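Residue numbers (the deposited numbering): 10 to 105.
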DNA sequence: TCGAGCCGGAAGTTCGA
DNA sequence: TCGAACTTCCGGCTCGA
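Below, the structure written as structure tokens:
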């Protein structure tokens, strides 16, 4: 249930691109047991990023990273038109 | 009445060409 | 060698039960 490293298998061919990784993990395995992926147009909410949130901080050899970070670094990520957060709730994320 | 998560700004080091 | 890129630290705002 972690086909990320198996799907990616994308080697140390340079650090991955932030959103490309997140976007690759998005349209990936089930995502029903650890998060919520609607089966309609393109809506993505983070229900329980327990494995995602700790993988995010693990890549940096950092043991634990709360989710506030993503609301932090992901927010400042409005540099390119790639992932915009939804003004609906707070754990609702979206991509263009 | 009380706690929790989200956001605002800046600085610092490294990548590919 | 050049410029941009993503990360992390400090402290502050408001909502629901």
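We treat Cβ as the ideally placed atom computed from N, Cα and C, and that holds for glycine.
Taking the Cβ atom as the reference point for each residue, do residue i and residue j lie within a distance shorter than 8 Å?
| i | j | result |
| --- | --- | --- |
| residue 53 | residue 34 | no |
| residue 92 | residue 102 | yes |
| residue 27 | residue 86 | yes |
| residue 37 | residue 14 | no |
Put residue i into one of helix, strand or coil per three-state DSSP.
| i | result |
| --- | --- |
| residue 80 | helix |
| residue 46 | strand |
| residue 63 | helix |
| residue 86 | helix |
| residue 29 | helix |
Keeping to the same chain, check which residues put their C-beta closer than 8 Å to that of residue i; ignore five residues upstream and five downstream.
| i | result |
| --- | --- |
| residue 76 | 55, 58, 62 |
Beta-carbon within less than 6 Å of residue i's beta-carbon, same chain only, minus the 5 sequence neighbours each way: which residues are those?
| i | result |
| --- | --- |
| residue 104 | 92 |
Bridge partners for residue i per DSSP, in chain order?
| i | result |
| --- | --- |
| residue 54 | 45, 101 |
| residue 92 | 104 |
| query | Should the stretch 43-53 be regarded as contacting the stretch 69-80, the criterion being three or more beta carbon pairs within less than 8 Å? | reply | no
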